[PDB]
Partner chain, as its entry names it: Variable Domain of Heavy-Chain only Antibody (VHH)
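Single chain ahead, by itself, as structure tokens, in the form solved without the partner chain.
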């Protein structure tokens, strides 16, 4: 599938992963602030972190 992989404020870039069929989003908070990041695949979650996944393209625009 093909997905976008830019972080918080950088200009647009993308990558290709033929073998997987889904893309993912991750979000987390700490004492000083919070951050968000994008990727290929759909990994496990843990308490304190939040995660989400999609199957259509250009979902995590």
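Positions refer to the first chain, counted from 1.
Below: the form deposited with the partner chain bound, not depicted.
Although the partner is absent here, residue 19 lies well away from the partner chain in the bound PDB entry, with no heavy atom inside 4.5 Å. Put simply, residue 43 is close to the partner chain in the bound PDB entry: some heavy atom of it is within 4.5 Å. Among residues of the shown chain, residue 48 is one whose heavy atoms approach the partner chain to within 4.5 Å in the bound PDB entry. Although the partner is absent here, residue 52 is a contact residue: one of its heavy atoms lies within 4.5 angstroms of the partner chain in the bound PDB entry.
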